[PDB]
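Fold and contact review
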Amino acid sequence: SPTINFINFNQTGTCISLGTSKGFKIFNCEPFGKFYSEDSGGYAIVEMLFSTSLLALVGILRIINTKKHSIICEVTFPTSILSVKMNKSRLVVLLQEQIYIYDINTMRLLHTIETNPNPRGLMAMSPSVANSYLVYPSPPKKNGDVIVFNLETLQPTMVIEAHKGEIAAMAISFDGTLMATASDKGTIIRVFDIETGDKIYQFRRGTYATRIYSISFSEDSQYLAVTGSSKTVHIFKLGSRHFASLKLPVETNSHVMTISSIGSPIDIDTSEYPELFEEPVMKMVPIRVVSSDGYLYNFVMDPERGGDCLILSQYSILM
Amino acid sequence: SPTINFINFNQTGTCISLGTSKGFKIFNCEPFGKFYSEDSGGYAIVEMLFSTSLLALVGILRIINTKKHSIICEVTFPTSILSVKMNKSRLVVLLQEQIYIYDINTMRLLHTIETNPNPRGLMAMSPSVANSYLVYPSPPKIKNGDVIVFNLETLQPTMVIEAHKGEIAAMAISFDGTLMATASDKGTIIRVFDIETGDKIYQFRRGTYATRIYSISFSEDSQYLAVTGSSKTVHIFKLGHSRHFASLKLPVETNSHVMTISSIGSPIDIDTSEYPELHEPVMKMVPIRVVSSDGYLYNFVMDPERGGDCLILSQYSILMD
Amino acid sequence: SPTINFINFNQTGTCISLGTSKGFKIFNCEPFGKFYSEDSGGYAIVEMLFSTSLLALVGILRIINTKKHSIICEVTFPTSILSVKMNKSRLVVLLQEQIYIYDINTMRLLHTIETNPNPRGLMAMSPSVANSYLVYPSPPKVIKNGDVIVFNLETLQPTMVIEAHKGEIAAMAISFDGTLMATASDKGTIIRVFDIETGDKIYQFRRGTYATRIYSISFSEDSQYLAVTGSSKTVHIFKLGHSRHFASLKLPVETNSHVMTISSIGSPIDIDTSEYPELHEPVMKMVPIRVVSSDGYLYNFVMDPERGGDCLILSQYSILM
Amino acid sequence: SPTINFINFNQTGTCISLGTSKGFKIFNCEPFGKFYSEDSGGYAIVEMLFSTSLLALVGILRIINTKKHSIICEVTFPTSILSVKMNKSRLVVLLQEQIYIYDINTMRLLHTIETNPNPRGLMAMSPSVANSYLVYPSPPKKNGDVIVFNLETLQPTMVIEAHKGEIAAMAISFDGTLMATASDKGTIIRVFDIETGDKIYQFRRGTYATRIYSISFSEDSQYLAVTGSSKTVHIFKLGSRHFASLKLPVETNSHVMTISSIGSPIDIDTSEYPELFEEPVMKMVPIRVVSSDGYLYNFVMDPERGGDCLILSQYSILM
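Residues numbered from 1 in each chain as written, not as in the entry; some residues may be left out. Chains lettered and ligands numbered in written order. Part of a larger assembly, values for the part shown. Heavy atoms only, no water.

Method of determination, as annotated in the archive: cryo-EM, at 3.8 Å resolution.

So this is what it looks like as structure tokens:
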């Protein structure tokens, strides 16, 4: 079982992108299966578009098409690549102190932003081309300043004073309307309107010092998912206190990094699961949590009650 | 330590077959020892009969007699072999969409079944010639968990079992060919059907959340049924008649990403003086042997009355020695 | 992931110093962060004062101010340095057979002590100027092997000789105010704490069940608890509010057993029981414990001062990442 | 902590030779301390004489002197070296199908024995020059036949039908008078007299299938210790049922191979250990068990009561 180096969903949360020290793999979420794999070598970042057989490979930057098994182009950077995100219009590569913006169609360079250092490789992109924005932190060389950069016209739009301390995680909704950020102490969540900059929502989490790792919106932006180092995942409703919580089984490895993504509500069959969770079918919002130890976890929450969420399944990546 | 690709007991559970990336090995169970080995190359499938020095080897089909060190015959197929099972009467080869049946004696081809694709290479075959039966899944081209009961003696299907709503994940047949147990890909419900009539006899619930199942195996006396899954835990269901009767927990050090196959042996006498079971000097303990894909063997004991969590006595290594 | 050769807290326990084979790093504890780092070379001793941007760096002795990025001084020694400690008044450098004491401000040499060889580089420094004491072991030169010398840094004259243990001393620790001293023999079975001004042994603790090595000892800020870590991969807490260890810290099973582990005890803080099912008032004070190991991980625990017992683990970071 | 590859006592049981994937180490037993170490490379076989600064090095054969830091000689063999043993007069190298015998002084080759294949690299050699005997199994090409070879005159002396099954472990006492064997069943231990060949003692062990790994004689030959895969070590008295037993603590790793060596009886201080085992001092026979995980253990047995033995210390090798 080779060690993995990168794990991430796609822009819709219906796939798993995973790259090991020996190769990379592409999974699925509801009809679980191994769509693709190559045992080429160590891969540090494997990012995928909205399916469409498009991938970006970063060695432990190359763009490949898995259907045609060809290589579109290769680009080098003076420093190590820290993060890559994509939408249907723009390609952005983030480095230690520079942000590169590319046209996803032509591959031509469009603009380069000189930013203050980002050791954590933090950026967030709106995946919809209707409101194509880019947000990145602006530390002073006034700590949690986030630069709302408009990729459509290649000009910044406004600067938001998000938090007094360092920003830990940022995410943009699917429609590109809202932005959410979390401070380095990981106790307060702030959600901003990217158009005006007003603070709309504030959430409490992490009663003790548990750092926040990842934040993700649902497809309809109804729910917000935050994963930290406490092996517990909180759910906040964008309709204060958390709405629902996820408790991973204790037997799991604790030396893991966990991300999450919330999908559209689906129907689950009671007869399939006799012991737990026992109306043949109920509407339950699916939550998918993948950890670096190589396991995909599926949880479901009742849209009215909330509370601690059951685990329907636990599948094994890398096998 | 070479990577191993295949582990299977014999049809009686008294031997161990195994295949590495460099060759294959054959062990024994009660007087543990390495009967045979061969450093040829990558072996994917190593199947053995009831001892008798007959082997089937599939590289990563050739049948070899190990006592004579000779080759009986070699059979080629258009596609890769996914499973091979034997009894003392018939030889069965499964491809992803085709099933081949051979006579073990004369080795002439007897039948061929064109089946819907089986990417998992699932099968269950009765090892006794008195009740020689073959069962394989029949997915459509909700009618997903249909299993075809095929009689090997006359080479004709007998009945169609509407086993499960979803795809079948694992299937096994008792030693006498009387019963069959299947499980869906969710691994939450274990069902047992009588192959003679087709009526469902037993239905067991396994675990709480849906997790993958690796293999199912009956006892030699058909008293208990063993299931192994991704939970790093092995459950035992008592068929003397729901919830599992007794469960097997591997040591916490064991890697969780390991394939595990198990087998249940006949009850034998153990000394309670040496082992503080927590007392008569000796009581009959049912032995269970569990081998993992990392290369270790585990010996447990089960109390037919008490059941519960089973104590572990010893542990070996199958790689090296 | 480069190998790390040295980890220690500051004299207050709110910071982290660390030395790799490629450089050194400085962290923080409550609002966790990386204050400083340089990829200069191999570092074996990285000791810091009470913040104040003052460091002692020994290659695999140089005093560097991290805020100014300048060099206060550079001093050489005939042999390799084994330990360095500071308070806001004095600086101590220990070689295998010699002890050098420097004034922290003027940096001129004040005293030199010729001691019997200490290959283990063991000392203990009181961080308060009111009770500035240094203690070092004095074994006979080749039963009375565990003799330790209580040395006063203020007047540069020894005060008394303590017959600590029968065997060689393995670890020493002085409380924040310089009132108490704790010692550990090479067998690690008995922990003894002495009152430095009077010399009487106040408390005696039994550690574990069998003899095993001890890595380090450290007091709490308020001298309420004493923390010892040993090769059994278990950390014990002894309550000095007054035998058997009061509370025990069990690291996760997946952790390597061959890890140097140092710990520290912080002041009690308010934690929300709604988030953490301790097993209930919304908030209760729980003493936080930070345990950093040589593999490069930090572990946060909480102890209930009344209940004590086995401690729950809240979170785990990863130093060097 | 680099993985170790080889553990062995010296011919007297007062020293520890250990080989890592990075180098080799030489420990001591009663004043436990690190005598020597070298970070040269992987070593698979490290054998030491009765102190005397003599070592045998086999790569993962070189004879080196640790005090002079020089090499005595280097000899190669057609096949991989399986085992090496020494006394004060002879040097023995065993391959799969051959046994090489050397004069430890002149380094000249003396004799070569053609044997049936021994994949386990099994032997037993008498450490005393007065009765210098060598034994090695002789399987057919009648399974447990062992050839008693006289190293003094370089001629075999007698053949004993030890066991009906394959031989698993052999050991010879310090004075070279007695011999011990164990079959692959691990249930029967038989002790032979080399002079005559008669079966002297027979001991019962291993009620279930636990293979026997190593057998060792005490210095006075009063006790015989056998170690298996069951995490338990039994003690037999050469004055049926085992005399005493060693139970390692449960928290230890189970993927361990333990060897043992019983030393001369010594006195222990009861005051040093208040928490366990509570006369100021009493005579107790020390037993040393080192495992492949890197831990050394010291047990003590009361020569009259026997029974389960207490554990005094657990020191961490390799650290």
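A closer look at the overall build of chain C
Looking only at helices and strands, chain C has zero helices and 29 strands in total. Taken over C-alpha atoms, the radius of gyration comes to 19 Å for chain C, in line with the 20 Å a tight globule of 321 residues would show. When the backbone C-alpha atoms are referred to their principal axes, chain C occupies close to 55 × 50 × 35 Å. For chain C, the exposed area adds up to about 13,800 Å²; of that, 51% sits on carbon and sulfur atoms. Between the mean site of the 27 positive side-chain charges and the mean site of the 29 negative ones, chain C shows a separation of 5 Å. (Helix = DSSP H or I, 4+ residues; strand = E, 2+ residues; numbered from the N terminus. Rg over C-alpha atoms; globule rule 2.2 N^0.38 Å. Areas by Shrake-Rupley, 256 points an atom, 1.4 Å probe, with all protein chains shown as cover. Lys, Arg positive; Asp, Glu negative; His and termini not counted. Charge placed at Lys NZ, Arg CZ, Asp CG, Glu CD.)

Section: the overall build of chain A
Secondary structure summary: chain A contains zero helices and 30 strands in total. Taking 2.2 N^0.38 as the reference for a compact globule, 319 residues should give roughly 20 Å; the C-alpha atoms of chain A span a radius of gyration of 19 Å, in line with that estimate. Expressed as a percentage of its 319 residues, the buried residues of chain A come to 59%. Charge-centre separation for chain A: the mean point of 27 positive side chains lies 6 Å from the mean point of 30 negative side chains. (Buried < 20%, exposed > 50% of the residue type's maximum accessible area, 1.4 Å probe, protein only.)

Quick word on unusual backbone geometry
You will see that B:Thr52, though not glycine, has its phi angle at about 60°, which is positive. Inspection of the secondary structure puts B:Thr52 in the loop between β5 (43-48) and β6 (55-59). Phi at D:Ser221 takes a positive value of approximately 60°, unusual for a residue other than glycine. Using a relative accessible area of 11% as the deciding quantity, one classes D:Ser221 as buried.

Considering the side chain of C:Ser175
Residues and elements named next belong to chain C. Tracing the backbone through its elements, the reader meets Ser175 in the loop between β17 (169-174) and β18 (180-185). From its side chain, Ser175 meets the backbone nitrogen of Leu180 in a polar contact 3.1 Å long. In contact with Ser175, other than residues within four places in its own chain, are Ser126, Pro127, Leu180, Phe219 and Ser223. (Polar contact = N/O pair within 3.5 Å; in protein donor to acceptor, adjacent residues only side chain to side chain. Contact = heavy atoms within 4.5 Å.)

What about the sheet that holds strand β6 (residues 54-59) of chain D?
Residue and element names in this part refer to chain D. Across the sheet, which stays open at both edges, the four strands sit in the order β5-β6-β7-β8 with antiparallel pairing between neighbours. Lying at the two open borders of the sheet, with one neighbouring strand each, are β5 (43-48) and β8 (70-74). Mean inter-strand twist for the sheet, computed between neighbouring axes without regard to direction, equals 25°. (Pairing = 2+ DSSP bridges. Axes fitted to C-alpha atoms, helices over the stretch in contact; angles between N-to-C directions.)

Comments concerning the interface of chain C and chain D
With 18 residues of chain C at the interface, the matching set in chain D holds 20 residues. When the two sides are added together, the surface that chain C and chain D hide from each other amounts to roughly 1,700 Å², 51% of it contributed by carbon and sulfur. Summed over the shared surface of chain C and chain D, the number is two salt bridges. Two residues, C:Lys166 and D:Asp269, come together in a salt bridge whose shortest N-O distance is 3.3 Å. The interface formed by chain C and chain D includes eleven residue pairs in polar contact. The residue makeup of the side of chain C that touches chain D, split by class, is five nonpolar, eight polar and five charged. (Buried area = accessible area lost by both parts, 1.4 Å probe. Salt bridge = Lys/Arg side-chain N within 4 Å of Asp/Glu carboxyl O. Nonpolar A, V, L, I, M, F, W, Y, C, P; charged D, E, K, R; others polar.)

Some thoughts on the nonpolar core
All names here are of chain B. Core analysis: the biggest nonpolar cluster contains 33 residues, and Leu61, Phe77, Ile81 and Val93 have the highest contact counts within it. Listed by contribution, the elements that provide at least two residues to this core are β3 (24-28), β5, β6, β7 (62-65), β9 (83-86), β10 (90-94) and β11 (98-103). No other element matches the five residues that β5 contributes to this core. Setting aside residues no more than four positions away along its own chain, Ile81 makes contact with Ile45, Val58, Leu61, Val93, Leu94 and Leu95. (Core = buried A, V, L, I, M, F, W, Y, C linked by side-chain atoms within 4.5 Å.)

Re empty space enclosed by the protein
In this approach a probe as big as a water molecule rolls over the atoms, and the regions it shows empty are the leftover space. Considering only enclosed or pocket space, the largest cavity measures out at about 60 Å³ in volume. Taken together, B:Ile268, B:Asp269, B:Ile270, B:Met285, B:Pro287, B:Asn299, B:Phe300, B:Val301, B:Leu313 and D:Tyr208 make up the lining of the largest cavity. When residues of the lining of the largest cavity are traced back to their parent elements, those giving at least two are β26 (268-271), β27 (282-292) and β28 (296-302) of chain B. Along the lines of polarity and charge, the residues of the lining of the largest cavity split into eight nonpolar, one polar and one charged. (1 Å grid on protein atoms, 1.4 Å probe; cavity = no way out; pocket = protein on both sides within 12 Å on 5 of 7 lines; lining within 4 Å. Points joined across faces, edges and corners; volume = space filled by probe spheres on them.)

Topic: the sheet that holds strand β10 (residues 90-94) of chain D
Residues and elements named next belong to chain D. On the basis of which strands lie adjacent, the open sheet formed by four strands has the order β9-β10-β11-β12 and antiparallel pairing. Each of the sheet's edge strands pairs with one partner strand only, and the pair in question is β9 (83-86) and β12 (109-114). Going from strand to strand, the sheet's axes swing by 15° on average, the running direction of each strand aside. Note: strand β11 (residues 98-103) against β12, five bridges, orientation antiparallel.

Here's the deal with the pattern of salt bridges
This structure, assessed with the given rule, holds 21 salt bridges over all chains. The partner of B:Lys165 in a salt bridge is A:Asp269, and the shortest N-O contact between them spans 3.5 Å. With B:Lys165 in the loop between β16 (156-164) and β17 (168-173) and A:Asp269 in strand β26 (residues 266-269), this residue pair bridges two chains. A relative accessible area of 39% places B:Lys165 in the partly exposed class. Across the pair D:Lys283 and D:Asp267 runs a salt bridge, and its minimum N-O distance is 3.8 Å. Using a relative accessible area of 46% as the deciding quantity, one classes D:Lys283 as partly exposed. By sharing partners, the salt bridges in this structure join C:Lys166, D:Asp269 and D:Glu272 into a single network.

Re the side chain of C:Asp272
The topology assignment puts C:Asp272 in strand β26 (residues 269-272). For the buried C:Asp272, no salt bridge exists, and the shortest N-O distance to an oppositely charged side chain is 4.8 Å, to A:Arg241. At a separation of 3.0 Å, a polar atom in the side chain of C:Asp272 contacts the main-chain amide nitrogen of C:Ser274. The contact partners of C:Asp272, leaving out residues within four places of it in the chain, are A:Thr207, C:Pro282 and C:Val283.

Here's the deal with the pairing of strand β15 (residues 145-151) of chain B
Residue and element names in this part refer to chain B. Taken across its seven residues, β15 has seven buried, putting it largely inside the fold. Alternating residues of β15 divide into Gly145, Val147, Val149 and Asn151 and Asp146, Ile148 and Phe150, and every residue in both groups is buried. Where strand β14 (residues 133-137) and β15 come together, five bridges link them in antiparallel fashion. Residue pairing across strands places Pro137 opposite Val147, the latter belonging to β15.

A word on the pairing of strand β9 (residues 83-86) of chain C
All names here are of chain C. Sheet topology note: the β9/strand β10 (residues 90-94) ladder contains four bridges and is antiparallel. The residue bridging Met86 from the neighbouring strand is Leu91, located in β10. Connecting the antiparallel pair β9 and β10 is a turn made up of three residues.

Considerations on the environment of D:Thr12
Residues and elements named next belong to chain D. Following the sequence through the fold, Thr12 ends up in the loop between β1 (4-9) and β2 (15-20). Measuring from C-alpha to C-alpha, the distance between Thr12 and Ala44 comes to 21 Å, with 32 residues separating the pair along the chain. The contact partners of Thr12, leaving out residues within four places of it in the chain, are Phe50, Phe174 and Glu219. Engagement of the side chain of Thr12 in a polar contact is seen with the side chain of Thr14, the distance being 3.1 Å.

Digging into the environment of C:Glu306
All names here are of chain C. Mapped onto the elements, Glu306 comes out in the loop between β28 (297-303) and β29 (312-318). Residue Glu306 is classed as exposed on the basis of its relative accessible area, which comes to 59%. Note: C-alpha distance between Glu306 and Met286 (20 residues apart in sequence) is 9.9 Å.

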